[PDB]
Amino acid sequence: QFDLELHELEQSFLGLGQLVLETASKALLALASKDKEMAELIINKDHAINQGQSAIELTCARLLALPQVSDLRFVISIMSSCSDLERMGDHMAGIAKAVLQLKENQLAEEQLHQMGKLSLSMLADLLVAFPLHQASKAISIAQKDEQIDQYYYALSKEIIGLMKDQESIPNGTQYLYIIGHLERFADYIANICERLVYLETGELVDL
């Protein structure tokens, strides 16, 4: 009964995570296609992720009452992870906002698509890995953040570099935010990964 309740709580959380995977996907499509209308719908739907988090937070908080070791680590992991997920969500709304500030006009792409693709697959991997409670799949996912950081710096060096080589900054500033939003998105995934290692291990360790 309680085990069934926890399991149901896990499904609520994956539902939320699937919702943020979809909006991340939508955010990046709105960016590739310069779809300012799709960006606006993303911005307006962000509150449903906030709402979904509070619902989960609340059934977590009440579940503690209606009690032991691994189950305690579990409910704490859902509470902590659903929060990281709404912050992931906000950073996808952030990318949608930067898309509204884009002028075309000129100028910038494929590296960004790659940083985006690795961000998405990290979350999709996490969502499959999470129900397994496998520390090692979590750890391997977290490790791919090294690559996103490399994308982050390479793209930062390039974008601001695009002033001294030849002069563009309305869009530049916007692409700086975008890559910062992806870098943060991926950092939270890594945070959810560490929570997963804590769940199997009993100790939150830093990765």
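Residue numbers run from 1 along the displayed sequence.
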Per the record, the count of deposited residues between residue 37 and residue 38 that have no coordinates is none
What number of residues from the deposited sequence go unmodelled in the gap from residue 58 to residue 59, classed as none, 1 to 3, 4 to 9, or 10 or more?
none
Compare the mean C-alpha B-factor of 90-98 with that of 67-75 as given in the PDB entry, and name the stretch with the higher value.
67-75
So, residue 129's CA B-factor, relative to its chain, sits in which third? The middle
Compared with the other modelled residues in the chain, in which third is the CA B-factor of residue 109?
lowest
Sorting the chain's modelled residues by C-alpha B-factor, tell me whether residue 135 ends up in the lowest, middle or highest third.
highest
By the entry's values, the third containing the CA B factor of residue 181 is the lowest
Please place residue 167 in the lowest, middle or highest third of its chain according to the CA B-factor in the PDB entry.
highest
